[PDB]
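The values are calculated or read from the model by the stated rules, or taken from the named source; none is laboratory data. A quick note on method: Cβ atoms are made from the backbone with ideal geometry, for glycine too, and the neighbour counts reach across all protein chains shown.
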2 protein chains.
Amino acid sequence: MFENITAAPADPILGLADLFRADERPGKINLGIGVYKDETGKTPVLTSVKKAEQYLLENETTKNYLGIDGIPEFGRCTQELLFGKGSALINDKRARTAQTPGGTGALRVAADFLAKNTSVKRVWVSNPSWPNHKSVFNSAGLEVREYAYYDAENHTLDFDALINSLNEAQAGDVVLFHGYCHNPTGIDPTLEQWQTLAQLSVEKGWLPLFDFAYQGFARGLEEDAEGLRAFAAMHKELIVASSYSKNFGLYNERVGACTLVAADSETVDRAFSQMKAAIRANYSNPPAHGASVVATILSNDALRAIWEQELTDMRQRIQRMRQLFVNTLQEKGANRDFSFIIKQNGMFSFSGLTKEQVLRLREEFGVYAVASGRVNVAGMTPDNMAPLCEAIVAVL
Amino acid sequence: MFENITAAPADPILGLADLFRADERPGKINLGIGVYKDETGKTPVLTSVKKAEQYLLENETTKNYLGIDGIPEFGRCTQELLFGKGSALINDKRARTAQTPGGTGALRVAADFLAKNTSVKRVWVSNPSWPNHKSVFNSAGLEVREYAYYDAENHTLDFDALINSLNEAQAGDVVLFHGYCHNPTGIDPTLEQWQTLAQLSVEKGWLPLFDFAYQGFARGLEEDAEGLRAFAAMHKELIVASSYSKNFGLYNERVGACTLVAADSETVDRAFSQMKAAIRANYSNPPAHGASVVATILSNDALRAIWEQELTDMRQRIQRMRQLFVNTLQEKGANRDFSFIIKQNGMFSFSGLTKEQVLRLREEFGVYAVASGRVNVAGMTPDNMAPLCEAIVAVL
Ligand SMILES: *Cc1c(COP(=O)(O)O)cnc(C)c1O
Ligand SMILES: *Cc1c(COP(=O)(O)O)cnc(C)c1O
């Protein structure tokens with residue numbers, strides 16, 4: 001049965017981690033996967049999560065199965081994080097959320113749901129976008145179409161091109177928007193652009209699907225939710241696939257949510273019963289650990305205060321590294337102006353390096369970036385800034 | 001988009017838990033979902049797992065992403081549990097395992113893999129079988145066909161009917177076998193019958209897929225793996241979807257494995273790269289908590305000794321409850337011979353109650369069983385044995 005199975009091509013983001021491991025050189029630098037690193041190049045588990053874990057260890061009475069949709073409090077906390085505390089979606093009971101294995105699991109659950117319960121056949125994703133989007137939607141049977149986004153010459157958001165590209169999108173098409181900290185560009189729409197987009201989609205009949213994986217990494221929790229709320233305020237339907245992997249440093253615990261909003265309570269509930277059937281036929285019910293950690297921290301005032309500060313530290317440290325990167329590039333002889341980097345949000349800098357420059361950096365210098373030129377600024381520390389910038393200016 | 005979505009029919013096993021919760025009556029008894037209960041009707045987290053969790057809390061340095069396939073040691077321990085310590089599959093590097101979100105997640109991963117990488121279109125499942133099998137395979141696009149299994153009059157395994165049914169199965173078809181403690185009947189093949197089945201499938205060209213969710217609940221760990229090893233010994237290819245939800249009381253942590261075996265190392269590896277691509281497009285990488293708990297317990301001699309005894313206690317207590325059930329049924333006036341119940345393995349007794357008897361028990365007596373007549377003997381305690389048996393003899 002398996003004789004003719006061909007080998008899958010390595011994952012552009014995840015297979016990079018394997019190469020780096022297989023690397024015997026001393027000063028290799030990993031600017032690949034989107035995992036936060038502190039000043040010492042470690043990825044510690046947050047103090048707020050260690051505390052919640054101790055609490056879980058003291059207080060859990062059972063490992064009995066959660067419901068298909070997970071921990072209710074987890075869902076309630078997600079809705080408030082996404083939509084706002086006194087939100088109308090919340091008060092009108094227009095939203096239902098299922099806890100899922102990470103944001104990827106939420107995107108998948110959304111895909112399967114749409115594929116088996118609606119008339120959707122096409123999903124629009126930006127160019128460029130997180131490389132695994134195409135793959136998740138293609139797995140559910142939907143096709144992926146691309147809309148213009150980034151202007152590589154000017155390193156800006158080419159809004160008119162975005163708009164004109166999206167004009168090929170039909171009524172009933174799913175259009176995927178990133179929350180904030182666009183992966184991989186770091187280029188995001190202004191709020192005005194978000195309102196323009198919100199009125200346009202309501203008018204063209206698109207179903208918005210938001211991939212929200214970096215809430216809190218640009219300006220703050222409530223601020224990063226602006227585009228999505230602008231949308232929620234005028235759409236009767238939408239789905240949001242959120243992740244707590246990056247903002248809680250809970251990467252391997254697989255914590256995410258897929259929230260579904262419809263016109264009213266009765267409709268969203270009927271629609272949710274199908275989402276649940278889709279979950280049951282996939283992984284059955286979600287893993288409790290990471291999500292009860294998130295529910296515990298979010299529900300406890302002291303624990304939340306500590307987490308928000310840890311998230312504030314992550315954000316500010318990345319901001320400090322961006323600056324250090326553009327300055328050091330200048331001091332090291334990079335004769336190109338990399339200052340556009342100062343203008344991007346999140347962990348990623350779309351460097352504008354060619355696929356061959358990216359190949360040379362890793363092959364001659366052990367510096368690891370995604371072939372697209374995406375670099376992890378959060379993976380940069382003041383100790384590796386110099387050798388890294390020397391490697392870069394040498395392939396330029 | 002969601003206006004015409006119909007409500008999904010409630011899950012036969014999982015929606016039962018909701019009804020039971022919505023129930024305001026005092027003495028309701030839940031004999032529904034396959035979750036173990038101790039003499040007091042609680043589902044404690046095992047002492048061996050609480051200890052491993054403390055260790056994890058003390059020793060974890062990061063929550064950084066696991067590989068798509070998980071914790072390597074988890075995979076190694078699974079292979080030894082399934083195939084044996086000095087196994088040829090292990091020594092020849094013929095097997096590859098991916099850690100998955102539960103056994104369901106493993107069945108799904110297997111389905112997606114087979115659907116997108118082989119020429120499989122049909123999966124054969126027993127009649128009856130775990131209700132969610134059809135649903136997982138149908139989700140991947142495969143069709144489910146049924147093979148004869150249980151003789152309801154004699155409450156035995158109708159082996160000739162099994163064999164003759166399976167004759168409609170073509171070369172290249174997937175045939176799903178349960179490890180041991182067949183869900184829902186508790187009726188399993190003798191080892192001789194397992195060897196007969198192993199030679200037959202090798203001859204007819206079937207690809208065996210084992211759902212192993214109760215290893216250790218019939219006779220013991222190594223003993224319950226007999227049928228599967230009988231098969232492994234003569235098949236060049238097979239996939240096993242195992243679960244640690246029941247044998248480690250780790251239900252909500254979602255701990256399972258999908259192991260893939262091919263003719264040689266090169267083939268299984270090439271085949272595994274596609275399994276990994278399938279995982280990446282679903283939930284990305286698996287949740288660490290439950291699996292590192294399992295790896296820790298399995299790798300530590302003291303911790304393993306304690307777990308094996310806890311599993312021995314679970315098994316023996318269920319055995320004591322079966323007996324108590326048939327005796328009390330006799331003492332309570334159940335004029336039907338329920339002694340076949342003594343002959344079943346695992347947590348489930350296929351009672352032979354009609355769908356209406358099952359409806360009356362829950363509606364008039366608050367006793368909850370699956371509509372199929374499947375009862376959870378592990379959910380029985382000496383405190384609820386009497387009112388439960390009185391309810392049953394009253395609907396007979
Ligand atoms: C990280 C990420 C995801 C999901 O990651 P999970 O680790 O599955 O939580 C989804 N979309 C984007 C844009 C991401 O950056
Ligand atoms: C419990 C069970 C499964 C899987 O359960 P998970 O909770 O997903 O680990 C699969 N097959 C059978 C026969 C089962 O009893």
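The number of residues in segment B:44-94 that are away from chain A (no Cβ under 14 Å), assigned to a loop (DSSP other than H, G, I, E, B) and free of Cβ contacts under 8 Å to residues at least 40 places away in the same chain comes to 2. Scanning segment A:92-150 for residues that are more than 15 Å from ligand 1 (Cβ to nearest atom) and among the basic types (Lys, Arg), we see that the one that is surrounded by the most Cβ atoms within 10 Å (Cβ to Cβ) is A:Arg94. Flag set for A:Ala213, criterion: under 15 Å from the mean Cα position of the chain (by Cα) and surrounded by 20 or more Cβ atoms within 10 Å (Cβ to Cβ). Restricting B:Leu89, B:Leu66 to those that are more than 21 Å from B:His235 (Cα to Cα) and in the same structural domain as B:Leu228 (by CATH) reduces the list to B:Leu66.
In the set (1) surrounded by 18 or more Cβ atoms within 10 Å (Cβ to Cβ); (2) more than 20 Å from the chain's Cα centre (by Cα); (3) not in a loop (DSSP other than H, G, I, E, B), A:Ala378 fails one condition alone, (2). The residues of segment A:218-243 that are crowded, with 23+ Cβ neighbours inside 10 Å and part of a helix (DSSP H, G or I), listed by number, are A:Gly227, A:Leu228, A:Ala232. Would you check if B:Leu303 is surrounded by fewer than 24 Cβ atoms within 10 Å (Cβ to Cβ) and either aliphatic (A, V, I, L, M) or assigned by CATH to the domain that holds B:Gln344 (or both)? So B:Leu303 fits the description; yes. For A:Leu250, the conditions (1) buried (at least 24 other Cβ atoms within 10 Å of the Cβ); (2) of a type outside the set (D, E, K, R); (3) away from chain B (no Cβ under 11 Å) all hold with the exception of (3). Taking segment A:253-271 as the range and being more than 11 Å from every other protein chain (Cβ to nearest Cβ) and within 16 Å of ligand 1 (Cβ to nearest atom) as the test, the residues that pass are A:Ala257, A:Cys258, A:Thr259. Residue-level check: of (1) under 29 Å from B:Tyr36 (Cα atoms); (2) of a type in the set (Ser, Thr, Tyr); (3) out of contact with any helix residue (DSSP H, G or I) (no Cβ under 6 Å at 6 or more places or on another chain); (4) surrounded by 24 or more Cβ atoms within 10 Å (Cβ to Cβ), A:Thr62 misses just (4). Considering segment B:120-137, the residues that are of a type in the set (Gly, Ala, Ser) and more than 8 Å from every other protein chain (Cβ to nearest Cβ) include one that is nearest to the chain's Cα centre (by Cα), namely B:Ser129. Only one entry of B:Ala98, B:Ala111 meets the criterion of being more than 12 Å from chain A (Cβ to nearest Cβ), more than 30 Å from A:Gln170 (Cα to Cα) and under 23 Å from the mean Cα position of the chain (by Cα), and that entry is B:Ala98. Report whether or not A:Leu221 is over 15 Å from the mean Cα position of the chain (by Cα), in the same structural domain as A:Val125 (by CATH) and away from ligand 1 (no atom under 16 Å from the Cβ). So A:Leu221 fails the test. Selection of segment A:280-303 for residues being in contact (Cβ under 8 Å) with a residue 12 or more places away in the chain, part of a helix (DSSP H, G or I) and over 24 Å from A:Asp92 (Cβ atoms) yields A:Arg280, A:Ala288, A:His289, A:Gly290, A:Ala291, A:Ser292, A:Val293, A:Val294, A:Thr296, A:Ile297, A:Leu303.
Could you tell me whether segment A:191-199 includes any residue that is within 16 Å of ligand 1 (Cβ to nearest atom) and closer than 15 Å to A:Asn345 by Cβ? Taking every residue of segment A:191-199 in turn, none turns out to be within 16 Å of ligand 1 (Cβ to nearest atom) and closer than 15 Å to A:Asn345 by Cβ.
Is it fair to say B:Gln323 is within 21 Å of the chain's Cα centre (by Cα), surrounded by fewer than 16 Cβ atoms within 10 Å (Cβ to Cβ) and assigned to a helix (DSSP H, G or I)? In short, no. The residues of segment B:151-207 that are within 29 Å of B:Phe338 (Cβ to Cβ) and charged (D, E, K, R), listed by number, are B:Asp151, B:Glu153, B:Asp158, B:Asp160, B:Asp188, B:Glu192.
Among the conditions (1) without any contact (Cβ under 8 Å) to a residue 24 or more places away in the chain; (2) in contact with a strand residue (DSSP E or B) (Cβ under 8 Å, 6 or more places away or on another chain); (3) in a helix (DSSP H, G or I), the only one that A:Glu168 does not satisfy is (3). Counting just the residues of segment B:253-270 that are of a type in the set (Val, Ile, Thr) and within 16 Å of ligand 2 (Cβ to nearest atom), which one comes out surrounded by the fewest Cβ atoms within 10 Å (Cβ to Cβ)? Among those residues, the one meeting the criterion is B:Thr259. Taken together, the residues in segment A:326-338 that are surrounded by 14 or more Cβ atoms within 10 Å (Cβ to Cβ) and either outside any helix (DSSP H, G or I) or among the small types (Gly, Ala, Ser) (or both) amount to 3.
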